[PDB]
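Everything on this sheet refers to the single structure shown next.
2 protein chains.
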Amino acid sequence: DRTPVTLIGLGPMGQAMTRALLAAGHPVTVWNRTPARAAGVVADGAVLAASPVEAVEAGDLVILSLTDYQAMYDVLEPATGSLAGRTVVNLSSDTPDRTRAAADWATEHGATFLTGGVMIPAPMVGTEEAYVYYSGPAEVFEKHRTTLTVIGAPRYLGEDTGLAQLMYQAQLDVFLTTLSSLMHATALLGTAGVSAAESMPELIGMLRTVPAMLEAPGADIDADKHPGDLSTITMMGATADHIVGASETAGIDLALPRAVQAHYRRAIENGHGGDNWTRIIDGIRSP
Amino acid sequence: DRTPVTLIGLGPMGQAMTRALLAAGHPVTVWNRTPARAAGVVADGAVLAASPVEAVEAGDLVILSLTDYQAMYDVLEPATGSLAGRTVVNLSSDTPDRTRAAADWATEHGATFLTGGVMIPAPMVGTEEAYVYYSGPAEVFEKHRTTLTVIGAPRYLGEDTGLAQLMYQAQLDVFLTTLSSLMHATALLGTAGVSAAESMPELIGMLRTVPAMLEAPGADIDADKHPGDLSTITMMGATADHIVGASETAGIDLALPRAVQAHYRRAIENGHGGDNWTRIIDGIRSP
Ligand SMILES: NC(=O)c1ccc[n+]([C@@H]2O[C@H](COP(=O)([O-])OP(=O)(O)OC[C@H]3O[C@@H](n4cnc5c(N)ncnc54)[C@H](OP(=O)(O)O)[C@@H]3O)[C@@H](O)[C@H]2O)c1
Ligand SMILES: NC(=O)c1ccc[n+]([C@@H]2O[C@H](COP(=O)([O-])OP(=O)(O)OC[C@H]3O[C@@H](n4cnc5c(N)ncnc54)[C@H](OP(=O)(O)O)[C@@H]3O)[C@@H](O)[C@H]2O)c1
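Protein chains in written order, with the working numbering: chain P, 1269 to 1555; chain C, 1269 to 1555.
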């Protein structure tokens, strides 16, 4: 379609999403707290609205790409009288319960609301590897599906506005924790004079094979199948201890490896040392 | 090659390494704290030594596959008089400084010592995807290299007996932390009724693309290049906050997400909110 889209928030993601939408033939009206930041997308065909009200009134679809949901309230408060009959799609990080309350806030101002969690960095927006989680009213998703698909293949999760946000937080839980561990291991090796340039390829090389190493688990966790034939919590917990020890001696952050160590210690304390590592999920669920 | 090899410790890794060595034509003499556990490898051609001394005396190469280095002292103490002239290869998890002291202990008993860290699970032992870090005397590595290659491609790191162990701990830092985060995210989604069988493929699907998403870092960390064009610590820190918040509300472990949150808080506190996420390594290095 060539339906008009409004996009508020021109960080790298809003800029990429704007460009994707322009390339696909949508007129895009933008607004940004910092108008100078819109110069690039305006040169590429975006229209810079002078005020939030003007931006909101430009289209029946308002996409938000902001750091958090407080930013949505900040920018849309002067425009709440212009929301009726439009769909707000918030593509921003926050808690699921912030998101759920925001959806009701939209309804109160006469708008529909969809939650989106964009699952790739800005350069990958609008490519074949892009995808976005969505949740909220099915009818509102279907209405805008074809426009939204320009950004990334949609994965609709259902009616709960919180759910796409929960999926995003869970995905970023894995992503951010993995990244922190890469920096932690890089730091640890750096302590014996190993370059990050030497370290990081070794660590990434291993990380690339992790899905495979795991398959050499979801249903098993659901089925309580935690058998320790090829790797026990005892043995992995010992390695967790060795990492804490090495970290202590290296003088680097202890909080991250200690959180991991605790997952194993809890499982052993509860009498499941002989089980597979998936067993640590029980202590995680019940601190 | 057909050099005789002794392997002590018949967990899944010792069993796999024994079988790989037998398949490649090496006579393998085994000993285990629990002799019944050797029935399988003996059926496949291994010789079960009655005592640790007998096992050590069977060959010039003694491989240890035990949960930690204390286990090495436990099993080899009765046999310290039979170590002279032989090479101990310890393929067990422990701290780098435990490893370094153990190497000197071997030297005092007239043996040579090599550190190894086996980087794949037991089913992948002896396959084209297997690899093992080694460190210790170059001459001792060269002497046994062709036997050791049966287990996996060697990656020799140099003379410091601690270094292959530090590499192993840094690798398992990433691997265990990644796994903990998978279980953490699985738990978080399970809190809204999402199955692990539904959750885990979504999480793995994302994890598979992490090397790619990163390239869409080592030399930059070495060069202090931490520019926040496409993703800032401010923005990623906010998501870390949202994960903590979602975790609080879900009633799951807070220690793991809080350790990640702290990486970001520290960087912002030190005035680097505008930087790329790699900047968290500075606070990690200086707790
Ligand atoms: N970058 C990524 O790779 C990536 C990937 C997927 C998801 N995300 C998510 O996408 C969203 C946008 O991220 P991003 O990296 O593009 O950018 P960002 O650094 O979060 O900035 C996005 C926009 O937020 C605006 N903003 C922040 N606080 C505001 C406030 N209180 N009032 C008004 N405007 C406010 C900024 O305004 P100014 O321009 O005036 O500073 C900017 O336009 C975030 O929720 C993030 O978690 C990011
Ligand atoms: N499993 C993997 O996927 C994997 C991958 C790479 C590296 N590793 C490392 O490889 C090593 C072996 O791990 P694994 O999973 O094969 O097995 P494991 O569960 O660590 O057990 C290995 C052996 O240790 C013995 N043992 C432990 N404590 C002992 C003690 N105090 N005295 C004597 N024997 C003792 C056990 O004796 P019993 O048989 O009598 O119980 C068993 O034979 C570990 O250091 C682990 O970190 C494991």
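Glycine included, each C-beta is placed from N, C-alpha and C at the ideal position.
Who are residue i's beta bridge partners in DSSP?
| i | result |
| --- | --- |
| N1358(C) | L1332(C), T1383(C) |
| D1543(P) | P1495(P) |
| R1423(C) | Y1401(C) |
Nearest to residue i by CA position, among the options, is which residue?
| i | options | result |
| --- | --- | --- |
| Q1439(C) | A1432(P), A1464(P), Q1439(P), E1470(P) | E1470(P) |
| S1319(C) | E1345(C), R1526(C), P1272(C), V1418(C) | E1345(C) |
| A1398(C) | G1378(C), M1285(C), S1554(C) | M1285(C) |
| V1386(C) | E1427(C), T1517(C), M1281(C), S1448(C) | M1281(C) |
| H1377(P) | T1395(P), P1364(P), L1351(P) | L1351(P) |
| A1487(P) | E1466(C), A1347(C), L1382(C) | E1466(C) |
| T1380(P) | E1427(P), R1423(P), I1419(P) | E1427(P) |
| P1525(C) | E1325(C), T1446(C), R1368(C), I1331(C) | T1446(C) |
| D1441(P) | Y1532(C), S1463(C), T1459(C), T1507(C) | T1507(C) |
| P1485(P) | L1457(P), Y1532(P), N1544(P) | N1544(P) |
| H1294(P) | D1365(P), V1418(P), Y1341(P) | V1418(P) |
| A1406(P) | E1396(P), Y1532(P), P1422(P) | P1422(P) |
| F1409(C) | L1382(C), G1513(C), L1498(C) | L1382(C) |
| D1550(C) | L1334(C), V1324(C), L1425(C), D1490(C) | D1490(C) |
| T1302(C) | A1292(C), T1454(C), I1276(C) | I1276(C) |
| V1356(P) | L1425(P), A1326(P), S1449(P) | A1326(P) |
| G1461(C) | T1546(P), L1434(P), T1459(P), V1296(P) | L1434(P) |
| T1429(P) | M1392(P), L1416(P), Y1402(P), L1450(P) | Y1402(P) |
| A1484(C) | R1354(P), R1413(P), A1523(P), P1389(P) | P1389(P) |
| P1272(C) | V1298(C), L1278(C), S1499(C) | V1298(C) |
| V1393(C) | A1291(C), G1513(C), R1533(C), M1504(C) | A1291(C) |
| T1517(P) | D1521(C), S1554(C), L1482(C) | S1554(C) |
Does residue i come within less than 7 Å of chain D when only Cβ atoms are used?
| i | result |
| --- | --- |
| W1373(P) | Among the chains of the structure shown, chain D does not appear; the protein chains present are P and C. |
From what residue to what residue does the alpha helix (DSSP H) around residue i run?
| i | result |
| --- | --- |
| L1431(P) | 1429–1458 |
| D1521(C) | Where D1521(C) is concerned, there is no enclosing alpha helix (DSSP H), given that its DSSP letter is neither H nor E. |
| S1467(C) | 1464–1476 |
| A1484(C) | Taken as a continuous stretch (DSSP letters only), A1484(C) belongs to no alpha helix (DSSP H), as it is neither H nor E. |
| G1551(P) | 1548–1553 |
Say yes only if the C-beta of residue i is nearer than 6 Å to one or more non-hydrogen atoms of ligand 2, and no if none qualify.
| i | result |
| --- | --- |
| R1547(P) | no |
| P1364(C) | no |
| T1297(C) | no |
| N1300(C) | yes |
| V1393(C) | no |
| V1330(P) | no |
| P1525(P) | no |
| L1482(P) | no |
| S1499(P) | yes |
| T1335(C) | yes |
Sorry if obvious, but does the Cβ on residue i come closer than 6 Å to a heavy atom of ligand 1?
| i | result |
| --- | --- |
| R1305(P) | yes |
| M1504(P) | no |
| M1281(P) | yes |
| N1358(C) | no |
| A1518(C) | no |
| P1389(P) | yes |
| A1339(P) | yes |
| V1343(P) | yes |
| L1278(P) | yes |
| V1528(P) | no |
Practice problem: Return the chain-ordered ranges of every alpha helix (DSSP H) run that is complete within the stretch 1269–1354 of chain C and spans a minimum of 4 residues. | Solution: 1280–1291, 1307–1311, 1320–1325, 1337–1344
Quiz item: Which runs of the beta strand (DSSP E), 3 residues or longer, sit entirely within the stretch 1365–1420 of chain C?
Solution: 1380–1386, 1399–1403
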